[PDB]
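Trainee: This is the content of input-v9.cif (mmCIF, N, CA and C atoms (P, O5', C5', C4', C3', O3' and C1' of nucleotides) and all ligand atoms):
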data_query
#
loop_
_atom_site.label_atom_id
_atom_site.label_comp_id
_atom_site.auth_asym_id
_atom_site.auth_seq_id
_atom_site.Cartn_x
_atom_site.Cartn_y
_atom_site.Cartn_z
N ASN A 158 -17.74 -18.03 2.53
CA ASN A 158 -17.69 -17.65 3.94
C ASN A 158 -17.63 -16.13 4.09
N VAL A 159 -16.48 -15.55 3.73
CA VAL A 159 -16.23 -14.12 3.86
C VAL A 159 -16.39 -13.47 2.48
N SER A 160 -17.56 -12.87 2.24
CA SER A 160 -17.93 -12.33 0.94
C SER A 160 -17.48 -10.88 0.77
N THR A 161 -17.62 -10.39 -0.46
CA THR A 161 -17.18 -9.05 -0.86
C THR A 161 -18.24 -8.41 -1.74
N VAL A 162 -18.37 -7.09 -1.63
CA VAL A 162 -19.48 -6.37 -2.25
C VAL A 162 -18.99 -5.00 -2.71
N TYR A 163 -19.17 -4.70 -4.00
CA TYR A 163 -18.79 -3.42 -4.60
C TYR A 163 -20.05 -2.61 -4.88
N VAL A 164 -20.11 -1.39 -4.34
CA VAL A 164 -21.31 -0.57 -4.34
C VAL A 164 -21.00 0.78 -4.99
N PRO A 165 -21.61 1.12 -6.12
CA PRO A 165 -21.47 2.48 -6.66
C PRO A 165 -21.97 3.51 -5.65
N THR A 166 -21.11 4.49 -5.38
CA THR A 166 -21.40 5.59 -4.47
C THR A 166 -20.80 6.85 -5.06
N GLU A 167 -21.53 7.96 -4.99
CA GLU A 167 -20.98 9.24 -5.42
C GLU A 167 -19.72 9.55 -4.62
N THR A 168 -18.73 10.15 -5.29
CA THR A 168 -17.45 10.39 -4.63
C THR A 168 -17.53 11.46 -3.54
N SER A 169 -18.65 12.18 -3.44
CA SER A 169 -18.83 13.16 -2.36
C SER A 169 -19.29 12.52 -1.06
N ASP A 170 -19.89 11.33 -1.10
CA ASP A 170 -20.25 10.58 0.11
C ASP A 170 -18.98 9.92 0.64
N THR A 171 -18.30 10.63 1.53
CA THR A 171 -17.08 10.17 2.16
C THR A 171 -17.32 9.49 3.51
N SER A 172 -18.57 9.13 3.81
CA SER A 172 -18.93 8.50 5.08
C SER A 172 -18.54 7.04 5.17
N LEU A 173 -18.38 6.35 4.04
CA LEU A 173 -18.13 4.91 4.03
C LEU A 173 -19.27 4.15 4.67
N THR A 174 -20.48 4.64 4.44
CA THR A 174 -21.70 3.98 4.91
C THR A 174 -22.23 3.09 3.80
N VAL A 175 -22.44 1.81 4.11
CA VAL A 175 -23.07 0.88 3.18
C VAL A 175 -24.29 0.28 3.87
N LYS A 176 -25.49 0.66 3.42
CA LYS A 176 -26.72 0.05 3.92
C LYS A 176 -26.83 -1.38 3.40
N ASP A 177 -27.03 -2.34 4.31
CA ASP A 177 -27.06 -3.73 3.87
C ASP A 177 -28.02 -4.61 4.65
N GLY A 178 -29.07 -4.05 5.25
CA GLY A 178 -30.03 -4.83 5.98
C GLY A 178 -29.67 -5.09 7.43
N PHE A 179 -28.53 -4.60 7.88
CA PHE A 179 -28.10 -4.76 9.25
C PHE A 179 -27.62 -3.42 9.77
N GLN A 180 -27.55 -3.32 11.09
CA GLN A 180 -26.98 -2.15 11.74
C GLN A 180 -25.64 -2.54 12.34
N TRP A 181 -24.76 -1.56 12.48
CA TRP A 181 -23.36 -1.82 12.78
C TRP A 181 -22.84 -0.81 13.80
N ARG A 182 -21.81 -1.23 14.53
CA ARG A 182 -21.07 -0.37 15.44
C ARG A 182 -19.67 -0.19 14.88
N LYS A 183 -19.24 1.06 14.75
CA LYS A 183 -17.93 1.36 14.20
C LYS A 183 -16.87 1.23 15.29
N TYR A 184 -15.78 0.50 15.01
CA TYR A 184 -14.74 0.33 16.02
C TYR A 184 -13.34 0.69 15.52
N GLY A 185 -13.23 1.53 14.51
CA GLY A 185 -11.95 1.99 14.03
C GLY A 185 -12.02 2.41 12.58
N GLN A 186 -10.97 3.12 12.14
CA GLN A 186 -10.82 3.57 10.76
C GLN A 186 -9.37 3.94 10.49
N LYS A 187 -8.78 3.33 9.45
CA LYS A 187 -7.35 3.44 9.20
C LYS A 187 -7.07 3.51 7.70
N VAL A 188 -5.97 4.22 7.36
CA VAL A 188 -5.44 4.23 6.00
C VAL A 188 -4.41 3.12 5.87
N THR A 189 -4.47 2.42 4.75
CA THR A 189 -3.62 1.28 4.47
C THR A 189 -2.67 1.61 3.33
N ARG A 190 -1.50 0.98 3.34
CA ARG A 190 -0.39 1.34 2.47
C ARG A 190 -0.66 1.13 0.98
N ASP A 191 -1.85 0.69 0.58
CA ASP A 191 -2.14 0.51 -0.83
C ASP A 191 -3.34 1.29 -1.33
N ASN A 192 -4.07 1.95 -0.45
CA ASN A 192 -5.25 2.74 -0.78
C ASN A 192 -5.17 3.98 0.10
N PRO A 193 -5.05 5.17 -0.49
CA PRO A 193 -4.91 6.39 0.31
C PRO A 193 -6.20 6.87 0.95
N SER A 194 -7.35 6.14 0.71
CA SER A 194 -8.64 6.33 1.35
C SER A 194 -8.72 5.51 2.63
N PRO A 195 -9.49 5.99 3.59
CA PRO A 195 -9.63 5.26 4.85
C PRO A 195 -10.44 3.98 4.67
N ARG A 196 -10.17 3.04 5.57
CA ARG A 196 -10.94 1.82 5.73
C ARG A 196 -11.66 1.85 7.07
N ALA A 197 -12.97 1.66 7.05
CA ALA A 197 -13.77 1.66 8.26
C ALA A 197 -14.00 0.23 8.74
N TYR A 198 -13.90 0.02 10.04
CA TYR A 198 -14.09 -1.28 10.66
C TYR A 198 -15.37 -1.27 11.49
N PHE A 199 -16.26 -2.22 11.21
CA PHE A 199 -17.54 -2.32 11.90
C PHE A 199 -17.72 -3.72 12.48
N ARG A 200 -18.62 -3.83 13.44
CA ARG A 200 -19.15 -5.12 13.86
C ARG A 200 -20.67 -5.05 13.88
N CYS A 201 -21.30 -6.22 13.86
CA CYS A 201 -22.75 -6.29 13.77
C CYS A 201 -23.41 -5.67 15.00
N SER A 202 -24.62 -5.14 14.78
CA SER A 202 -25.44 -4.63 15.88
C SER A 202 -25.75 -5.71 16.90
N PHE A 203 -25.70 -6.98 16.50
CA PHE A 203 -25.97 -8.11 17.38
C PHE A 203 -24.70 -8.69 17.99
N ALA A 204 -23.59 -7.95 17.95
CA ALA A 204 -22.39 -8.41 18.63
C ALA A 204 -22.63 -8.44 20.13
N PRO A 205 -22.07 -9.42 20.85
CA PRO A 205 -21.18 -10.48 20.37
C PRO A 205 -21.89 -11.81 20.08
N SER A 206 -23.19 -11.89 20.36
CA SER A 206 -23.97 -13.05 19.94
C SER A 206 -23.76 -13.36 18.46
N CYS A 207 -23.55 -12.31 17.65
CA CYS A 207 -23.21 -12.37 16.25
C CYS A 207 -21.73 -12.06 16.05
N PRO A 208 -21.03 -12.85 15.25
CA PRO A 208 -19.59 -12.64 15.03
C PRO A 208 -19.23 -11.85 13.78
N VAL A 209 -20.20 -11.33 13.03
CA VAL A 209 -19.92 -10.76 11.72
C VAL A 209 -19.12 -9.47 11.86
N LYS A 210 -18.01 -9.40 11.12
CA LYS A 210 -17.14 -8.23 11.03
C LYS A 210 -17.27 -7.60 9.65
N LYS A 211 -16.94 -6.31 9.58
CA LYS A 211 -17.20 -5.54 8.37
C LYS A 211 -16.09 -4.52 8.12
N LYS A 212 -15.72 -4.39 6.86
CA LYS A 212 -14.75 -3.40 6.40
C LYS A 212 -15.35 -2.68 5.20
N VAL A 213 -15.33 -1.35 5.20
CA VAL A 213 -15.73 -0.60 4.02
C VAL A 213 -14.60 0.34 3.65
N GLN A 214 -14.27 0.39 2.36
CA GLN A 214 -13.19 1.21 1.83
C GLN A 214 -13.47 1.45 0.36
N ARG A 215 -13.03 2.60 -0.13
CA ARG A 215 -13.25 2.95 -1.52
C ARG A 215 -12.24 2.24 -2.41
N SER A 216 -12.73 1.64 -3.50
CA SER A 216 -11.87 0.86 -4.38
C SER A 216 -10.77 1.72 -4.99
N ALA A 217 -9.53 1.24 -4.90
CA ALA A 217 -8.43 1.95 -5.54
C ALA A 217 -8.47 1.80 -7.05
N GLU A 218 -9.08 0.71 -7.55
CA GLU A 218 -9.19 0.49 -8.98
C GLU A 218 -10.32 1.30 -9.59
N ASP A 219 -11.47 1.36 -8.91
CA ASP A 219 -12.61 2.17 -9.35
C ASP A 219 -13.02 3.06 -8.20
N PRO A 220 -12.51 4.28 -8.15
CA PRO A 220 -12.92 5.23 -7.10
C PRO A 220 -14.43 5.45 -7.00
N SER A 221 -15.19 4.95 -7.97
CA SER A 221 -16.63 5.12 -7.97
C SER A 221 -17.33 4.02 -7.21
N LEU A 222 -16.58 3.07 -6.65
CA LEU A 222 -17.11 1.96 -5.89
C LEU A 222 -16.55 1.99 -4.48
N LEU A 223 -17.42 1.72 -3.51
CA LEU A 223 -16.99 1.28 -2.19
C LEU A 223 -16.85 -0.23 -2.19
N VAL A 224 -15.89 -0.73 -1.41
CA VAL A 224 -15.71 -2.17 -1.23
C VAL A 224 -16.09 -2.52 0.21
N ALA A 225 -17.06 -3.42 0.35
CA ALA A 225 -17.50 -3.90 1.65
C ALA A 225 -17.14 -5.38 1.79
N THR A 226 -16.51 -5.72 2.90
CA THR A 226 -15.97 -7.05 3.13
C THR A 226 -16.47 -7.55 4.47
N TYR A 227 -16.97 -8.79 4.49
CA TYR A 227 -17.65 -9.35 5.65
C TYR A 227 -16.95 -10.64 6.08
N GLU A 228 -17.13 -11.01 7.34
CA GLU A 228 -16.52 -12.22 7.89
C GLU A 228 -17.48 -12.92 8.84
N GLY A 229 -17.84 -14.14 8.51
CA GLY A 229 -18.80 -14.88 9.29
C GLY A 229 -20.20 -14.71 8.75
N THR A 230 -21.15 -15.28 9.48
CA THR A 230 -22.55 -15.17 9.12
C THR A 230 -23.35 -14.87 10.38
N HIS A 231 -24.51 -14.25 10.19
CA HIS A 231 -25.34 -13.83 11.30
C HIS A 231 -26.08 -15.03 11.89
N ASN A 232 -26.88 -14.76 12.93
CA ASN A 232 -27.75 -15.75 13.54
C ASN A 232 -29.14 -15.17 13.78
N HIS A 233 -29.55 -14.23 12.94
CA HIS A 233 -30.77 -13.47 13.15
C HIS A 233 -31.31 -13.04 11.79
N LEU A 234 -32.12 -11.98 11.77
CA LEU A 234 -32.74 -11.49 10.55
C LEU A 234 -32.80 -9.97 10.55
N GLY A 235 -33.13 -9.39 11.70
CA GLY A 235 -33.33 -7.96 11.84
C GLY A 235 -32.17 -7.11 11.43
"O5'" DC B 1 -28.45 5.54 30.45
"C5'" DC B 1 -27.66 4.54 29.79
"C4'" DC B 1 -28.18 4.21 28.40
"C3'" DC B 1 -27.27 3.28 27.61
"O3'" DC B 1 -27.96 2.66 26.52
"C1'" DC B 1 -27.20 5.38 26.61
P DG B 2 -27.28 1.42 25.76
"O5'" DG B 2 -26.69 1.95 24.38
"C5'" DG B 2 -27.59 2.31 23.32
"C4'" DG B 2 -26.82 3.04 22.26
"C3'" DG B 2 -25.61 2.27 21.71
"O3'" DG B 2 -25.46 2.45 20.31
"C1'" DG B 2 -24.91 4.34 22.48
P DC B 3 -24.73 1.33 19.42
"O5'" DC B 3 -24.45 2.20 18.12
"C5'" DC B 3 -25.20 3.36 17.77
"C4'" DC B 3 -24.25 4.51 17.59
"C3'" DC B 3 -22.98 4.14 16.82
"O3'" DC B 3 -22.99 4.72 15.51
"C1'" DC B 3 -22.50 5.54 18.74
P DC B 4 -21.72 4.53 14.57
"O5'" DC B 4 -20.79 5.76 14.94
"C5'" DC B 4 -21.20 7.07 14.56
"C4'" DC B 4 -20.09 8.04 14.82
"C3'" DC B 4 -18.81 7.82 14.04
"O3'" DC B 4 -18.36 9.11 13.64
"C1'" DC B 4 -18.29 7.83 16.34
P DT B 5 -17.24 9.27 12.53
"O5'" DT B 5 -15.96 9.55 13.44
"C5'" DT B 5 -16.00 10.76 14.19
"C4'" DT B 5 -14.83 10.87 15.14
"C3'" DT B 5 -13.46 10.66 14.52
"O3'" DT B 5 -12.81 11.94 14.60
"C1'" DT B 5 -13.68 9.47 16.62
P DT B 6 -11.64 12.41 13.61
"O5'" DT B 6 -10.31 11.98 14.37
"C5'" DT B 6 -10.17 12.31 15.76
"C4'" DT B 6 -9.19 11.40 16.45
"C3'" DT B 6 -8.03 10.90 15.57
"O3'" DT B 6 -6.77 11.20 16.16
"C1'" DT B 6 -8.96 9.16 16.84
P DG B 7 -5.44 11.22 15.27
"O5'" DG B 7 -4.36 11.35 16.42
"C5'" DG B 7 -4.73 11.61 17.78
"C4'" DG B 7 -4.25 10.49 18.67
"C3'" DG B 7 -2.86 9.89 18.39
"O3'" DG B 7 -2.16 9.68 19.63
"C1'" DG B 7 -4.48 8.19 18.41
P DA B 8 -0.63 9.20 19.75
"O5'" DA B 8 -0.76 7.83 20.55
"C5'" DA B 8 -1.38 7.87 21.85
"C4'" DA B 8 -1.85 6.50 22.28
"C3'" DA B 8 -0.76 5.42 22.36
"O3'" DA B 8 -1.01 4.53 23.45
"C1'" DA B 8 -2.43 4.71 20.91
P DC B 9 0.10 3.47 23.92
"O5'" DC B 9 -0.84 2.20 24.15
"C5'" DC B 9 -1.72 1.79 23.11
"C4'" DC B 9 -2.10 0.34 23.30
"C3'" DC B 9 -0.92 -0.60 23.51
"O3'" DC B 9 -1.32 -1.78 24.23
"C1'" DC B 9 -1.79 -0.79 21.27
P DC B 10 -0.34 -3.03 24.44
"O5'" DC B 10 -0.58 -3.96 23.16
"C5'" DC B 10 -1.91 -4.38 22.80
"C4'" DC B 10 -1.89 -5.26 21.56
"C3'" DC B 10 -0.69 -6.21 21.47
"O3'" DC B 10 -1.08 -7.51 21.05
"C1'" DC B 10 -0.84 -4.97 19.49
P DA B 11 -0.53 -8.81 21.82
"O5'" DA B 11 -0.49 -9.88 20.65
"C5'" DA B 11 -1.44 -9.88 19.58
"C4'" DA B 11 -0.76 -10.17 18.26
"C3'" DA B 11 0.47 -11.05 18.39
"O3'" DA B 11 0.57 -11.88 17.25
"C1'" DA B 11 1.06 -9.05 17.33
P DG B 12 0.01 -13.38 17.24
"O5'" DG B 12 0.05 -13.58 15.66
"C5'" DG B 12 -0.28 -12.49 14.78
"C4'" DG B 12 0.66 -12.38 13.60
"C3'" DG B 12 1.72 -13.47 13.50
"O3'" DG B 12 2.14 -13.57 12.15
"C1'" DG B 12 2.79 -11.45 13.75
P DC B 13 1.93 -14.92 11.31
"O5'" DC B 13 2.16 -14.33 9.85
"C5'" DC B 13 2.08 -12.93 9.59
"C4'" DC B 13 3.33 -12.43 8.92
"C3'" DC B 13 4.31 -13.54 8.56
"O3'" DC B 13 4.91 -13.27 7.29
"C1'" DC B 13 5.40 -11.94 9.86
P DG B 14 4.31 -13.90 5.94
"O5'" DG B 14 5.24 -13.13 4.91
"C5'" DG B 14 6.63 -13.45 4.83
"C4'" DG B 14 7.51 -12.30 5.23
"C3'" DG B 14 8.95 -12.58 4.85
"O3'" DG B 14 9.34 -11.77 3.73
"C1'" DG B 14 8.78 -11.58 7.04
P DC B 15 10.43 -12.32 2.71
"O5'" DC B 15 11.55 -12.98 3.65
"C5'" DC B 15 12.92 -12.51 3.71
"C4'" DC B 15 13.10 -11.21 4.46
"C3'" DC B 15 14.56 -10.90 4.77
"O3'" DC B 15 14.77 -9.49 4.82
"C1'" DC B 15 13.41 -11.17 6.79
"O5'" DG C 1 17.19 -11.41 20.70
"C5'" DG C 1 16.23 -10.36 20.57
"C4'" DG C 1 16.59 -9.51 19.38
"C3'" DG C 1 15.72 -8.27 19.21
"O3'" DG C 1 16.42 -7.34 18.41
"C1'" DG C 1 15.30 -9.69 17.43
P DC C 2 16.20 -5.76 18.56
"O5'" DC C 2 16.28 -5.39 17.02
"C5'" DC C 2 15.67 -6.24 16.05
"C4'" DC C 2 14.93 -5.44 14.99
"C3'" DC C 2 14.02 -4.35 15.57
"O3'" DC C 2 13.66 -3.41 14.57
"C1'" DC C 2 12.71 -6.13 14.76
P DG C 3 13.47 -1.87 14.96
"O5'" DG C 3 12.78 -1.33 13.64
"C5'" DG C 3 13.41 -1.41 12.36
"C4'" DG C 3 12.36 -1.60 11.30
"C3'" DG C 3 11.22 -0.58 11.26
"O3'" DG C 3 10.94 -0.28 9.88
"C1'" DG C 3 10.33 -2.74 11.71
P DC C 4 9.65 0.54 9.42
"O5'" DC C 4 8.56 -0.59 9.16
"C5'" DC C 4 8.78 -1.58 8.15
"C4'" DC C 4 7.50 -2.27 7.77
"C3'" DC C 4 6.30 -1.35 7.59
"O3'" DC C 4 5.50 -1.82 6.51
"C1'" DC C 4 5.84 -2.88 9.34
P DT C 5 4.71 -0.78 5.61
"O5'" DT C 5 3.30 -1.50 5.60
"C5'" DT C 5 3.21 -2.93 5.53
"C4'" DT C 5 2.07 -3.41 6.39
"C3'" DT C 5 0.89 -2.45 6.51
"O3'" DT C 5 -0.08 -2.69 5.48
"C1'" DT C 5 1.34 -3.64 8.57
P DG C 6 -1.46 -1.89 5.55
"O5'" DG C 6 -2.39 -2.83 6.45
"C5'" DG C 6 -2.70 -4.16 6.01
"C4'" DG C 6 -3.40 -4.89 7.13
"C3'" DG C 6 -4.85 -4.47 7.41
"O3'" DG C 6 -5.68 -5.64 7.45
"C1'" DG C 6 -3.51 -4.19 9.40
P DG C 7 -7.21 -5.57 7.86
"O5'" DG C 7 -7.17 -5.70 9.43
"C5'" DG C 7 -6.71 -6.91 10.04
"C4'" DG C 7 -6.87 -6.75 11.52
"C3'" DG C 7 -8.26 -6.28 11.99
"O3'" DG C 7 -8.71 -7.17 13.03
"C1'" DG C 7 -6.56 -4.94 12.94
P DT C 8 -10.10 -7.07 13.81
"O5'" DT C 8 -9.71 -6.28 15.13
"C5'" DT C 8 -8.90 -6.90 16.13
"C4'" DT C 8 -8.57 -5.86 17.17
"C3'" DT C 8 -9.75 -5.35 18.02
"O3'" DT C 8 -9.60 -5.73 19.40
"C1'" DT C 8 -8.29 -3.63 17.38
P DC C 9 -10.73 -5.37 20.49
"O5'" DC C 9 -10.09 -4.15 21.28
"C5'" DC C 9 -8.85 -4.39 21.94
"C4'" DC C 9 -8.37 -3.15 22.66
"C3'" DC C 9 -9.34 -2.53 23.66
"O3'" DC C 9 -8.59 -2.04 24.76
"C1'" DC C 9 -8.68 -0.93 22.10
P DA C 10 -9.18 -1.98 26.25
"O5'" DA C 10 -8.61 -0.56 26.71
"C5'" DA C 10 -8.37 0.48 25.76
"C4'" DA C 10 -9.03 1.78 26.17
"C3'" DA C 10 -10.29 1.63 27.01
"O3'" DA C 10 -10.69 2.92 27.44
"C1'" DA C 10 -10.91 2.34 24.95
P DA C 11 -10.41 3.47 28.92
"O5'" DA C 11 -10.37 5.02 28.57
"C5'" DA C 11 -9.21 5.60 27.99
"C4'" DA C 11 -9.49 7.02 27.55
"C3'" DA C 11 -10.45 7.81 28.42
"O3'" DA C 11 -9.93 9.15 28.50
"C1'" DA C 11 -11.40 7.50 26.23
P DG C 12 -10.76 10.36 29.12
"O5'" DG C 12 -11.43 11.07 27.87
"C5'" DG C 12 -10.61 11.53 26.80
"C4'" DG C 12 -11.44 12.36 25.87
"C3'" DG C 12 -12.44 13.28 26.56
"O3'" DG C 12 -12.48 14.53 25.86
"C1'" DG C 12 -13.60 11.71 25.18
P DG C 13 -13.26 15.81 26.45
"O5'" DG C 13 -14.74 15.26 26.67
"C5'" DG C 13 -15.84 15.94 26.06
"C4'" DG C 13 -16.08 15.50 24.64
"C3'" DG C 13 -17.47 15.95 24.22
"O3'" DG C 13 -17.34 16.82 23.09
"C1'" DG C 13 -17.15 13.59 23.76
P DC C 14 -18.56 17.76 22.70
"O5'" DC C 14 -19.58 16.76 22.04
"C5'" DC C 14 -19.29 16.35 20.70
"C4'" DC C 14 -20.50 15.59 20.25
"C3'" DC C 14 -21.82 16.34 20.45
"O3'" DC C 14 -22.58 16.20 19.27
"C1'" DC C 14 -21.92 14.21 21.42
P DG C 15 -23.44 17.39 18.66
"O5'" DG C 15 -24.44 16.48 17.81
"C5'" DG C 15 -25.73 16.21 18.34
"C4'" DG C 15 -26.35 15.00 17.70
"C3'" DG C 15 -27.87 15.04 17.85
"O3'" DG C 15 -28.54 14.58 16.68
"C1'" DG C 15 -26.91 13.27 19.22
ZN ZN A 301 -25.30 -10.08 13.06
#
Could you spell out this file's structure in structure tokens?

Mentor:
Amino acid sequence: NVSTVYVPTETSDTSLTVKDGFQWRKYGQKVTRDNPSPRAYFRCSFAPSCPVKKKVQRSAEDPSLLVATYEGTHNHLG
DNA sequence: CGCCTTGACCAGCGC
DNA sequence: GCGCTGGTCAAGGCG
């Protein structure tokens, strides 16, 4: 259902942008008590017809990876 | 227009 | 009840 994706990214790209075939609207960004890097919160470009939610944050275990986390599935292709 | 920012809002969950 | 934590709002700008 809610999948997870680890993406190698240079540590200078601090945008937390993960290209994944969809476009997204950013609705927040917060630091969490276990990772001193920010977590970005997105929703699908097809919201609210689409329920997919998105989180991107740099892995605390491997700083060379971003972690992208999704919730739900789309109803489109674009 | 629409997206990003950022601090404020929230609620729920463990005591 | 209550402090904490992540998740979300919604206002102020800006390409
Ligand atoms: Zn979608």

Trainee: Identify all chain A residues at most 9 Å from chain B by counting only C-alpha atoms (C1' of nucleotides); ligands do not count. Present them as a PDB file with N, CA and C atoms, keeping the file's coordinate frame.

Mentor:
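Written out: out_26.pdb:
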ATOM      1  N   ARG A 182     -21.810  -1.230  14.530  1.00  0.00           N
ATOM      2  CA  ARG A 182     -21.070  -0.370  15.440  1.00  0.00           C
ATOM      3  C   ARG A 182     -19.670  -0.190  14.880  1.00  0.00           C
ATOM      4  N   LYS A 183     -19.240   1.060  14.750  1.00  0.00           N
ATOM      5  CA  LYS A 183     -17.930   1.360  14.200  1.00  0.00           C
ATOM      6  C   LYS A 183     -16.870   1.230  15.290  1.00  0.00           C
ATOM      7  N   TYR A 184     -15.780   0.500  15.010  1.00  0.00           N
ATOM      8  CA  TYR A 184     -14.740   0.330  16.020  1.00  0.00           C
ATOM      9  C   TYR A 184     -13.340   0.690  15.520  1.00  0.00           C
ATOM     10  N   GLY A 185     -13.230   1.530  14.510  1.00  0.00           N
ATOM     11  CA  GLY A 185     -11.950   1.990  14.030  1.00  0.00           C
ATOM     12  C   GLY A 185     -12.020   2.410  12.580  1.00  0.00           C
ATOM     13  N   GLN A 186     -10.970   3.120  12.140  1.00  0.00           N
ATOM     14  CA  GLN A 186     -10.820   3.570  10.760  1.00  0.00           C
ATOM     15  C   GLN A 186      -9.370   3.940  10.490  1.00  0.00           C
TER      16      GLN A 186
END

Trainee: Hey, list the chain C side of the contact with chain A: 8 Å cut-off, only N, CA and C atoms (P, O5', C5', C4', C3', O3' and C1' of nucleotides), answer as a ChimeraX atom specification.

Mentor: /C:4-8

Trainee: Find the residues near ligand ZN 301 (chain A). Use a cut-off of 7 Å, count all atoms listed in the file, and write them as an NGL selection string.

Mentor: :A and (200-204 or 206-209 or 230-233)

Trainee: What lies within 8 Å of residue 175 in chain A using all atoms listed in the file, ignoring chain neighbours under 5 positions off, as an mmCIF file with N, CA and C atoms, keeping the file's coordinate frame?

Mentor:
data_model
loop_
_atom_site.group_PDB
_atom_site.id
_atom_site.type_symbol
_atom_site.label_atom_id
_atom_site.label_comp_id
_atom_site.auth_asym_id
_atom_site.auth_seq_id
_atom_site.Cartn_x
_atom_site.Cartn_y
_atom_site.Cartn_z
ATOM 1 N N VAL A 164 -20.110 -1.390 -4.340
ATOM 2 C CA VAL A 164 -21.310 -0.570 -4.340
ATOM 3 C C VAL A 164 -21.000 0.780 -4.990
ATOM 4 N N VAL A 213 -15.330 -1.350 5.200
ATOM 5 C CA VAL A 213 -15.730 -0.600 4.020
ATOM 6 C C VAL A 213 -14.600 0.340 3.650
ATOM 7 N N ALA A 225 -17.060 -3.420 0.350
ATOM 8 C CA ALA A 225 -17.500 -3.900 1.650
ATOM 9 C C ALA A 225 -17.140 -5.380 1.790
#

Trainee: Between CA of residue 174 in chain A and CA of residue 224 in chain A, measure the distance and give it in Å to one decimal.

Mentor: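 Rounded to one decimal, the two atoms are 10.6 Å apart.
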
Trainee: Go through A:228, A:177, A:170, A:191 and flag the residue nearest residue 210 in chain A, using all atoms listed in the file for the distances.

Mentor: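 Checking each of A:228, A:177, A:170, A:191 against residue 210 in chain A, counting all atoms listed in the file, the winner is A:228.
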
Trainee: Do you know which residues lie at most 5 Å from (-13.0, 2.3, 2.7), with coordinates as in the file and all atoms listed in the file counted, and could you write them as a list in words?

Mentor: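 Every residue inside that radius is included here: residues 195, 196, 197, 213, 214 and 215 of chain A.
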
Trainee: Can you spit out the residues from that selection as a PDB file, keeping the file's coordinate frame, using N, CA and C atoms?

Mentor:
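Saved to again37.pdb:
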ATOM      1  N   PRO A 195      -9.490   5.990   3.590  1.00  0.00           N
ATOM      2  CA  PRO A 195      -9.630   5.260   4.850  1.00  0.00           C
ATOM      3  C   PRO A 195     -10.440   3.980   4.670  1.00  0.00           C
ATOM      4  N   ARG A 196     -10.170   3.040   5.570  1.00  0.00           N
ATOM      5  CA  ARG A 196     -10.940   1.820   5.730  1.00  0.00           C
ATOM      6  C   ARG A 196     -11.660   1.850   7.070  1.00  0.00           C
ATOM      7  N   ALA A 197     -12.970   1.660   7.050  1.00  0.00           N
ATOM      8  CA  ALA A 197     -13.770   1.660   8.260  1.00  0.00           C
ATOM      9  C   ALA A 197     -14.000   0.230   8.740  1.00  0.00           C
ATOM     10  N   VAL A 213     -15.330  -1.350   5.200  1.00  0.00           N
ATOM     11  CA  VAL A 213     -15.730  -0.600   4.020  1.00  0.00           C
ATOM     12  C   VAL A 213     -14.600   0.340   3.650  1.00  0.00           C
ATOM     13  N   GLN A 214     -14.270   0.390   2.360  1.00  0.00           N
ATOM     14  CA  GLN A 214     -13.190   1.210   1.830  1.00  0.00           C
ATOM     15  C   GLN A 214     -13.470   1.450   0.360  1.00  0.00           C
ATOM     16  N   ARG A 215     -13.030   2.600  -0.130  1.00  0.00           N
ATOM     17  CA  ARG A 215     -13.250   2.950  -1.520  1.00  0.00           C
ATOM     18  C   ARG A 215     -12.240   2.240  -2.410  1.00  0.00           C
TER      19      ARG A 215
END

Trainee: Give me the residues near residue 168 in chain A as a PyMOL selection string, where near means some atom within 8 Å (using all atoms listed in the file) and where sequence neighbours in that chain fewer than 4 positions away do not count.

Mentor: chain A and resi 172+220-222

Trainee: Mind giving me the axis-aligned box for range 2-5 of chain B with 5 Å on every side, centre plus edges in Å to one decimal, as JSON?

Mentor:
{"center_x": -20.2, "center_y": 6.6, "center_z": 19.1, "size_x": 24.8, "size_y": 20.6, "size_z": 23.2}
